[PDB]
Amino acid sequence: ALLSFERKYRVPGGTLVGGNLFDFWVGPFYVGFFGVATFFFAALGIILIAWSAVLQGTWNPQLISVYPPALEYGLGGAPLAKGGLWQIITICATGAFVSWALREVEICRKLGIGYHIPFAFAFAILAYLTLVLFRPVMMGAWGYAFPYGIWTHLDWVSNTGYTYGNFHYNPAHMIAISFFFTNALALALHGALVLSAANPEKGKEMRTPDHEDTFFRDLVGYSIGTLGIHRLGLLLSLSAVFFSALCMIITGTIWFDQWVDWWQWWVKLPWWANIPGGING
């Protein structure tokens, strides 16, 4: 149940709530007050998903789907069968996510390490809350949120996108995609670099971080370094999600027309607004 070097780290302390009440492990899992909390929220949430399944008349995972209240209900409560279950489950999901993050904070305190991990996770929580809470409340109805279903939630993405024409034209959406793409590029490189140094040509000795920097300078004339690339990966990732939340928070609120039309501000600038020729003239 313990890794060979684990015992010396399992000492008391670090908890944020309940002192030593929940300060223990179950197998490899650390519990803590928030471990108990997420179990509660998760169990309750799964139960309500099952109940929702019977009301729908199907136990098929690819068909189950909990929808939010219809627009008519605005931002108020709704009958379980018509959006109420979705509202409670959403409360549970949020409760489980936040509890999971605080549990990580306790694990950090016991291990004496930084809080960068739970901090980064909060950005994911934020993107989720933007879609099921912030945007809907700003738009006036829970109905704008997405449904909890494997394929139904993809339909929502599709319908929501096309509601504004080709969503590709959302400028914040463009920034976000760039970070997602760049992050994957960077992750592939980091993974490849460290491995090519630790696993050089057969028979040769392990390369050094010096060879890692040399390799990239030879290739593109610059090397960000071992500390910098971990900083970069953290930034590209958090930025991708930050701009994702941003491109949706402005859609349907400050801008509700076709996203492609937004680009007319640039083309209609006084100066070239009339110069004949080109594509727009």
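From 1 onward, residues are counted along the sequence shown.
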Check your understanding: As stated in the PDB record, which stretch has the larger average Cα B-factor, 134 to 142 or 102 to 110?
Key -> 134 to 142
**Study point:** 226 to 234 or 59 to 67, whichever carries the higher mean Cα B-factor
**Key:** 59 to 67
Point to revise | Largest Cα B-factor, entry values, listed residues 25, 271, 259, 9 | key: 271
Review point. At the C-alpha atoms, which of 37, 220, 248, 47 reaches the highest B-factor in this entry?
Key: 47
Point to revise | Chain-relative CA temperature factor third for residue 33 | key: middle
Point to revise | Within-chain third of residue 203 by Cα B-factor, per the entry | key: highest
Check your understanding: Mind checking which third residue 94 falls in for C-alpha B-factor across the chain?
Key -> middle
Revision key, fill the gap. Of the three thirds of Cα B-factor ranks in this chain, residue 153 occupies the middle
Check your understanding: Lowest, middle or highest third: where is residue 87 by Cα B-factor in its chain?
Key -> highest
